[PDB]
Amino acid sequence: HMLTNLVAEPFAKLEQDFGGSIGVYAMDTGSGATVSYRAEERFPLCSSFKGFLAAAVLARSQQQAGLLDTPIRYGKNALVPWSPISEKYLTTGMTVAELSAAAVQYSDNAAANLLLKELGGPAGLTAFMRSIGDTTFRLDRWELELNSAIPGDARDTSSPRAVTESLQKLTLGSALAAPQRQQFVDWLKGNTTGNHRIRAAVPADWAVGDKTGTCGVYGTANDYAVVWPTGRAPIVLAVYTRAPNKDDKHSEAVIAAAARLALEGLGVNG
Ligand SMILES: Cc1cc2oc(=O)cc(CP(=O)(O)O)c2cc1C
Ligand SMILES: Cc1cc2oc(=O)cc(CP(=O)(O)O)c2cc1C
């Protein structure tokens, strides 16, 4: 409770300047200390579900040897706006592992939908999240409909706390077997879409893996990350935003600033 109180007022001022709501949960995996701000409210996942999607693929690969190297062929009708990798392999197909890397590191929408199909759709990803003990996460729709970010709509949402707890289980805990855990971490470390979010708050000498989400409406965007500061245990954190009006713009700078405050509250000099 103490650390959450240290940064309560700065968080309130930051979201007031932003003009919306900011939700943050950050966990120091060494001491167990946490920082919360609106950490139990639901926020739209936007593309951030794609990280958990890749983890679910990795979990299935523990039971289905050769899943990762399976080729997937698809037609032009599988392409979705913002499919930067999968459009370049339309005429050849891609493997499940390549689709997973594209979904994580480029937020590729066609790749995400193809992998959702393999796992049984939104309910199948939700079922995987239930299997690791996450009772908050829900995915309901596909790309791009899941980005609607309608105020008060619980579809395609989770909470910053549940996102962080599930991220910890998959990247540092025992939810995945050791080889799959490191592959998930490696995919997150190679993300290309988050340079202006949590990574902007993290010194250059720290390792970081993250997954972004941007809904394109309602000031709604997010990022979650595992951060390895030098000389101490890793930090896991999630920063989610939303705003009341459809035309409100998200802010990457606000996400970076919220990450800075969370790390400061935890006592992580950065
Ligand atoms: C995609 C997926 C969905 C799942 O939904 C479940 O209800 C239970 C599990 C764990 P399992 O029973 O297979 O050990 C589960 C796993 C994956 C990858
Ligand atoms: C609708 C939409 C807007 C986006 O605007 C961005 O600025 C960044 C991305 C990639 P994301 O941050 O979601 O990983 C993005 C994705 C979608 C579907």
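Of everything in region 39-75 that is among the charged types (D, E, K, R) and under 25 Å from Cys215 (Cβ atoms), the residue that is farthest from ligand 2 (Cβ to nearest atom) is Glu40.
Among the residues of region 98-130, write down those that are hydroxyl-bearing (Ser, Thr, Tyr) and in contact (Cβ under 8 Å) with a residue 24 or more places away in the chain.
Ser100, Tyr106, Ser107, listed by residue number.
Taking the criterion of being away from ligand 1 (no atom under 14 Å from the Cβ) and either assigned to a helix (DSSP H, G or I) or in contact with a strand residue (DSSP E or B) (Cβ under 7 Å, 6 or more places away or on another chain) (or both), the residues of region 58-72 that qualify are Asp69, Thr70, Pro71, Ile72.
To keep it simple, each residue is scored yes or no on (1) β-branched (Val, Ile, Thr); (2) touching a residue at least 40 places away in the same chain (Cβ under 8 Å); (3) more than 16 Å from ligand 1 (Cβ to nearest atom); (4) not in a helix (DSSP H, G or I).
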{"site": "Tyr25", "(1), (2), (3), (4)": "no, yes, yes, yes"}
{"site": "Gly32", "(1), (2), (3), (4)": "no, no, yes, yes"}
{"site": "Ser36", "(1), (2), (3), (4)": "no, yes, yes, yes"}
{"site": "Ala56", "(1), (2), (3), (4)": "no, yes, no, no"}
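Looking across region 78-91, the residues that are surrounded by fewer than 21 Cβ atoms within 10 Å (Cβ to Cβ), in contact (Cβ under 8 Å) with a residue 12 or more places away in the chain and in a loop (DSSP other than H, G, I, E, B) come down to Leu79, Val80, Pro81, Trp82, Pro84, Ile85, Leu90. Please specify each residue of region 1-46 satisfying the condition of being of a type in the set (S, T, N, Q) and under 27 Å from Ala233 (Cα atoms). Listed by number, the residues that qualify are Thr4, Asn5, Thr29, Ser31, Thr34, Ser36.
Conditions (1) more than 24 Å from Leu261 (Cα to Cα); (2) buried (at least 20 other Cβ atoms within 10 Å of the Cβ), marked per residue:
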position: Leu139; (1), (2): yes, yes
position: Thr157; (1), (2): no, yes
position: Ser166; (1), (2): no, yes
position: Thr171; (1), (2): no, yes
position: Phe184; (1), (2): yes, yes
position: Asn195; (1), (2): no, no
position: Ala200; (1), (2): no, no
position: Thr220; (1), (2): no, yes
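Among residues of region 152-176 that are under 18 Å from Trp228 (Cβ atoms), those with a beta-carbon under 8 Å from a residue that is part of a helix (DSSP H, G or I) and among the aliphatic types (A, V, I, L, M) at least six positions away or on a different chain give the pairs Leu170/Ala55; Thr171/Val185; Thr171/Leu188; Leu176/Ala55; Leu176/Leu58; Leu176/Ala59; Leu176/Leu170.
Looking across region 114-135, the residues that are over 27 Å from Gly75 (Cβ atoms) and more than 9 Å from ligand 1 (Cβ to nearest atom) come down to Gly133, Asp134, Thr135.
Would you mind stating whether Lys13 is in contact with a helix residue (DSSP H, G or I) (Cβ under 7 Å, 6 or more places away or on another chain) and not aromatic (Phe, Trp, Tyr)?
Values: in contact with a helix residue (DSSP H, G or I) (Cβ under 7 Å, 6 or more places away or on another chain): no; not aromatic (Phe, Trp, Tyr): yes.
No; evaluated as a whole, the condition is false for this residue.
What about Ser61, is it surrounded by 17 or more Cβ atoms within 10 Å (Cβ to Cβ) and either under 19 Å from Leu176 (Cβ atoms) or out of contact with any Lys or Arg (no Cβ under 8 Å at 6 or more places or on another chain) (or both)? Here the answer is yes, as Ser61 does meet what is asked.
Every listed requirement among (1) crowded, with 24+ Cβ neighbours inside 10 Å; (2) away from ligand 2 (no atom under 15 Å from the Cβ) is met by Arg232 save one, (1). In region 205-227, the residues that are touching a residue at least 12 places away in the same chain (Cβ under 8 Å) and under 17 Å from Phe52 (Cα atoms) form Cβ pairs under 6 Å with partners that are near ligand 2 (Cβ under 6 Å from one of its atoms) and part of a strand (DSSP E or B), at six or more places apart or across chains, as follows: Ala221/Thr214; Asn222/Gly213; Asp223/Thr212. For region 95-203, the helices (runs of 4 or more DSSP H) that sit wholly inside it and include 3 or more residues that are under 14 Å from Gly51 (Cα atoms) and within 14 Å of ligand 2 (Cβ to nearest atom) are 96-105, 109-118.
Please note: Cβ atoms are built from the backbone with ideal geometry, for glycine as well, and neighbour counts cover all protein chains shown. Computed from the coordinates by the stated procedures, all read-outs in this text should not be read as laboratory data.
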